[PDB]
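**Q** Dropping the structure in here first, questions after.
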Ligand SMILES: Cc1ccc(C(=O)Nc2ccc(CN3CCN(C)CC3)c(C(F)(F)F)c2)cc1C#Cc1cnc2[nH]ncc2c1
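In full-length UniProt numbering, the protein residues as written are 1624 to 1632, 1649 to 1720, 1727 to 1798, 1805 to 2020, 2036 to 2046, 2050 to 2074, 2092 to 2160, 2165 to 2207, 2212 to 2233, 2236 to 2250, 2261 to 2306, 2313 to 2397, 2411 to 2477, 2488 to 2522.
Below, the structure is given as structure tokens:
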């Protein structure tokens, strides 16, 4: 019946309907028209004491039983804890690795017995015990799943173990139920007529004592301090018969299979557990038969369902993200092994620590022992149903309480916004299973520090573009717009998203500043008018500048004009109409606009291609011509006007249309280094620098014209991260306060008719990137170590 693949070559359907059943080496089984007889098999051993014989007496073989059985047994291996010499018949299969590892499963007929028999013969060794365990597990699973009713009341199905007291005698039979009772009564089978003739109950039925367990899984009863009492019940009724106990000095959870059809459920759960080695799944420590027992690791902090209602204060954003990441990792692990977690809910998620930075926080458990079902599950599993269950779990994690005690999580429960988690919840809850992401995709989405550190994403009205923005030093943003010839001043409320606007100037508003005394906002427009508007009262003008006001800084107020001039006002001066600046001075010329200013005190500034510096005297101290960096940079980049200067210990200079950020020494006035943004972007796959912002906690934020954010570590200037997929062009970037001591970075980006957006990032984004990468590496190392 064996047919080569090339002689037949769809195949998945052939496997489904028991047509192909691939063997290996491009060979198909095709049970139909096989040898139909026993092809003379001589076993390595022929004595009673060297073999184990297990008999299944049945009234008949069900149709399709042997084909499915052989398909199941084709994958057996004693090393799954050499290539076998496989042989096939229609009703049987023979495997042979070695004289110490073989398995003969085949049909059998007794004299004067109409009933059919299935005989399993293995060597009397550990490998033979493992093979026997696998074979009987496969047979029992097959009968449970494909042929129910042959098991219930029995149904003339009997299981026998064949034994003898002396080599050379004929095998006697004992039912597995009677032998199971004797196994609890003792460890020996006794000849009723001659007590002197004794055999071990094991090694004729070694699967009844779990002798095929891995060496590290066998119970050491000398190390187990376990008492079965309701005082030690775990979850005062939950989790079923789960008890607290001590094993090898550590507190563990103990599941009891007593008072039921034990050694079938226990063996099934062992078959499931022993091949699952994953950091996100609860780990099996031991198993036993004296009481039918599973000993697993104990979760110190209980389950997630109890935490979501009792200790809501502990659910920080980092802890929630780590719990979600661990659960998604566990689901990916289960789905990669073709294993389905049917019912996932907060009750099934165990917590080991509440420390957000721990390597292991959450694990998935399925104890013994509704509204957490996919529509196709509720109406009627599938991996998409598990993805839907994970979406529900992530919704429950995101919301404070709610369902555990769908509508929009933020409006209904308060639930401070988590923009990139709500999108994942929406994707995971799609009704059509084929549109839902896979568990690997879900984990890949959650494995992103952009997901953690993205706090808000506010979208402005269409075709309204914003030239400048300034935040009140107190979640209120003033915007100077330029989508018109008459400049407009807008106000955006970042707590309750709300946009208002008003036209205040004849020309576009190029820059904004806040003067705090009373508080006022100075708008510098293209015509040069400095329009000072009260921040509490509605809509003064200061002395008009000779050209466009290109920068405003605010102590004093500094007005850098496009004419290369710097005007200096006192805070009390700007309060009155038409007041002249305290000073005016020339650093550049008509063609060299004063385009940036910064503080570090000493006031640095960038005008044309020059870095100028000044102290309280308002006189120029240092003039550094950056043009010379053409010797190290490219000429067209170093000849461009400086658009922003950032100073902490060295000057960081960005130039117009230039993808290179220059680093200059404050003391020697010499070029310290160059940062090539195109080089960094090519590692991920424009580069022109538009914004340049500094985080004092060791980070440089570079906004590019292609909508990317380069996070650099200003120590050897290594690349921390590249953030993207949020806009098409970064236009403004600045640090701000949203209240409640929340430090944020506001990125005004563009989605180009034109859709401009304001994105809020947590100030600890580089630290979160590094921490998440280290966490993922540690978890990967753990998964590799577990095998
Ligand atoms: C004592 C105990 C025994 C067993 C388990 C267990 O989960 N077993 C288990 C079984 C199956 C599966 C996977 N199957 C595959 C297909 N199936 C259809 C679906 C899933 C999983 C896997 F994990 F792989 F999904 C785990 C947990 C505990 C426990 C405990 C404990 C520990 N500490 C605690 N503290 N408070 C309470 C508490 C409770």
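Heads up, the beta-carbon is just placed ideally off N, CA and C, and yes, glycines get one too.
Taking the beta carbon of residue 1860 as the centre, do at least 16 other beta carbons fall within 10 Å, making it buried, or is it exposed?
**A** As a first step, residue 1860 is located in the chain shown; it is residue number 209 there, counting from the start. Its Cβ being crowded by 16 or more others within 10 Å, residue 1860 is buried.
**Q** Could you compute how far the alpha carbon of residue 1831 sits from the alpha carbon of residue 1664?
**A** As a first step, residue 1831 is located in the chain shown; it is residue number 180 there, counting from the start. As a first step, residue 1664 is located in the chain shown; it is residue number 25 there, counting from the start. Residue 1831 and residue 1664: Cα-Cα distance of roughly 42 Å.
**Q** Quick one: what's residue 1937 bridged to in DSSP?
**A** Numbered from 1 along the chain shown, position 286 holds the residue referred to as residue 1937. Beta-bridge pairing links residue 1937 to 1946.
**Q** DSSP beta-bridge partners for residue 2191?
**A** Numbered from 1 along the chain shown, position 501 holds the residue referred to as residue 2191. Residue 2191 is bridged to 2180.
**Q** Can you tell me where the beta strand (DSSP E) holding residue 2001 begins and where it ends?
**A** Here residue 2001 corresponds to residue number 350 of the chain shown, with the count starting at 1. Start and end: 2000-2002.
**Q** Taking the beta strand (DSSP E) that residue 2492 falls in, what are its first and last residues?
**A** Mapped onto the chain shown, residue 2492 falls at position 757. Residues 2491-2497.
**Q** What do you reckon, are the CB atoms on residue 2317 and residue 2375 nearer than 8 Å?
**A** Counted from its first residue, the chain shown places residue 2317 at position 605. Counted from its first residue, the chain shown places residue 2375 at position 663. No, they are not a contact pair.
**Q** Within the continuous alpha helix (DSSP H) that includes residue 2333, where are the two ends?
**A** By one-based count along the chain shown, residue 2333 stands at place 621. Run containing residue 2333: none in the alpha helix (DSSP H); it sits in the beta strand (DSSP E), 2332-2337.
**Q** Grab the span of the alpha helix (DSSP H) containing residue 1783 for me, first residue to last.
**A** The count along the chain shown starts at 1 and reaches residue 1783 at position 138. 1771-1791 is the extent of the alpha helix (DSSP H) around residue 1783.
**Q** Hey, residue 2225 and residue 2217: beta-carbon distance below 8 Å or not?
**A** The residue labelled residue 2225 in the question sits at position 531 within the chain shown. The residue labelled residue 2217 in the question sits at position 523 within the chain shown. A contact, by the Cβ cut-off of 8 Å.
**Q** In whole angstroms, give me the CA-to-CA distance for residue 2500 and residue 2471.
**A** Position 765 of the chain shown, counting from 1, holds the residue named residue 2500. Position 746 of the chain shown, counting from 1, holds the residue named residue 2471. Taking the straight line from one Cα to the other gives about 13 Å.
**Q** Helix, strand or coil: how does DSSP classify residue 1879 here?
**A** Locating residue 1879 in the chain shown gives position 228, where the first residue counts as 1. Looking at residue 1879 - three-state DSSP - the assignment turns out to be coil, as it is neither helix nor strand.
**Q** Alpha carbons only, please: which of 1785, 1813 and 1818 is nearest the one belonging to residue 1805?
**A** Counting from one through the chain shown, the residue named residue 1805 turns up at place 154. The option with the nearest alpha carbon to residue 1805 is 1785.
**Q** Consult DSSP for residue 2124 and reduce its assignment to one of helix, strand or coil.
**A** Indexing the chain shown from 1 puts residue 2124 at position 438. Three-state result, residue 2124: coil.
**Q** Would you kindly work out how many angstroms separate the C-alpha atoms of residue 1823 and residue 1848, rounded to a whole number?
**A** Position 172 of the chain shown, counted from the first residue, corresponds to residue 1823. Position 197 of the chain shown, counted from the first residue, corresponds to residue 1848. Between residue 1823 and residue 1848, the C-alpha separation is close to 14 Å.
**Q** Taking residue 1710 as part of the alpha helix (DSSP H), name the residues at either end of that continuous run.
**A** Here residue 1710 corresponds to residue number 71 of the chain shown, with the count starting at 1. Residues 1704-1712.
**Q** According to DSSP, is residue 1868 part of a helix, a strand, or is it coil?
**A** As a first step, residue 1868 must be located in the chain shown, where it is residue number 217. Three-state result, residue 1868: coil.
**Q** Determine the contact status of residue 2445 and residue 2505, defining contact as a CB-CB distance below 8 Å.
**A** Residue numbering aside, residue 2445 sits at position 720 when the chain shown is read from its first letter. Residue numbering aside, residue 2505 sits at position 770 when the chain shown is read from its first letter. Their beta carbons are under 8 Å apart, which means residue 2445 touches residue 2505 by this criterion.
**Q** Return yes when at least one heavy atom of ligand 1 lies under 7 Å from the C-beta of residue 1993, else no.
**A** Locating residue 1993 in the chain shown gives position 342, where the first residue counts as 1. Correct: residue 1993 has its Cβ closer than 7 Å to ligand 1.
**Q** Taking contact to mean at least 3 C-beta pairs separated by less than 8 Å, is the stretch 2007-2018 in contact with the stretch 1973-1988?
**A** The stretch 2007-2018 vs the stretch 1973-1988: in contact.
**Q** Mind checking whether the beta-carbon of residue 2042 lies closer than 7 Å to any heavy atom of ligand 1?
**A** Counting from one through the chain shown, the residue named residue 2042 turns up at place 376. No, the beta carbon of residue 2042 sits no closer than 7 Å to any heavy atom of ligand 1.
**Q** Counting C-beta neighbours from all protein chains within 10 Å, is the total for residue 2121 16 or more, i.e. buried, or is it exposed?
**A** As a first step, residue 2121 is located in the chain shown; it is residue number 435 there, counting from the start. It is exposed - the Cβ of residue 2121 has fewer than 16 other Cβ atoms within 10 Å.
**Q** Use the C-beta contact count for residue 1909: other C-beta atoms within 10 angstroms, 16 or more gives buried, fewer gives exposed.
**A** By one-based count along the chain shown, residue 1909 stands at place 258. Looking at its Cβ environment, which holds fewer than 16 other Cβ atoms inside 10 Å, residue 1909 is exposed.
**Q** By Cβ distance below 8 Å, which residues in the same chain neighbour residue 2439 in space, the five residues on each side in sequence not counted?
**A** Position 714 of the chain shown, counting from 1, holds the residue named residue 2439. If we look at residue 2439 and ignore the five residues flanking it on each side, its Cβ neighbours are 2360, 2423, 2424 and 2425.
**Q** Among the candidates 1922, 2468, 2191 and 2298, whose CA atom is the shortest distance from the CA of residue 2159?
**A** Looking up residue 2159 in the chain shown gives position 473. It is 2468.
**Q** Return the Cβ separation of residue 2362 and residue 2377 in integer angstroms, given the expectation that the two are a contact with Cβ distance under 8 Å.
**A** Locating residue 2362 in the chain shown gives position 650, where the first residue counts as 1. Locating residue 2377 in the chain shown gives position 665, where the first residue counts as 1. Indeed they touch by this definition, with Cβ atoms about 6 Å apart.
**Q** My output table needs one value for residue 1768: the three-state DSSP class, helix, strand or coil.
**A** Position 123 of the chain shown, counted from the start, is the residue given in the question as residue 1768. In this structure, residue 1768 counts as strand in the three-state DSSP scheme.
**Q** On a Cα-Cα basis, can you pick out the residue from 1655, 2271 and 1875 that is closest to residue 2246?
**A** Along the chain shown, one-based indexing puts residue 2246 at 550. Looking at the Cα atoms, 2271 is the closest of the given residues.
**Q** Along the beta strand (DSSP E) that carries residue 2292, what are the first and last residues, could you check?
**A** Here residue 2292 refers to the residue found at position 586 of the chain shown. Counting along the chain, the beta strand (DSSP E) containing residue 2292 begins and ends at 2289-2292.
**Q** Taking just the CA atoms, how far does residue 2219 sit from residue 2396?
**A** Locating residue 2396 in the chain shown gives position 684, where the first residue counts as 1. Locating residue 2219 in the chain shown gives position 525, where the first residue counts as 1. Approximately 39 Å between the Cα atoms of the pair.
**Q** By how many angstroms is the C-alpha of residue 2073 removed from the C-alpha of residue 1956?
**A** As a working mapping, residue 1956 is identified with position 305 in the chain shown. As a working mapping, residue 2073 is identified with position 404 in the chain shown. Cα to Cα, the separation comes out at about 8 Å.
**Q** Less than 7 Å between C-beta atoms, sequence neighbours within five positions excluded: which residues of the same chain meet that for residue 1816?
**A** Translated into positions along the chain shown, residue 1816 becomes position 165. Closer than 7 Å at Cβ, skipping near neighbours: 1842, 1848 and 1850.
**Q** Going by the C-beta, is residue 1917 closer than 7 Å to any heavy atom of ligand 1?
**A** What you label residue 1917 is simply residue 266 of the chain shown in a count that begins at 1. Every heavy atom of ligand 1 is 7 Å or more from the Cβ of residue 1917, so no.
**Q** Could you tell me the distance, in whole angstroms, from the CA atom of residue 1941 to the CA atom of residue 1838?
**A** What you label residue 1941 is simply residue 290 of the chain shown in a count that begins at 1. What you label residue 1838 is simply residue 187 of the chain shown in a count that begins at 1. Whole-angstrom Cα-Cα distance: 11 Å.
**Q** Can you find the residues in the same chain that come closer than 6 Å, C-beta to C-beta, to residue 1807, ignoring five residues on each side of it along the sequence?
**A** To locate residue 1807, count along the chain shown from 1; it is residue 156. If we look at residue 1807 and ignore the five residues flanking it on each side, its Cβ neighbours are 1698.
**Q** Taking the alpha helix (DSSP H) that residue 2524 falls in, what are its first and last residues?
**A** One cannot answer for residue 2524 here, as it falls past the ends of the chain, which runs 1624 to 2522.
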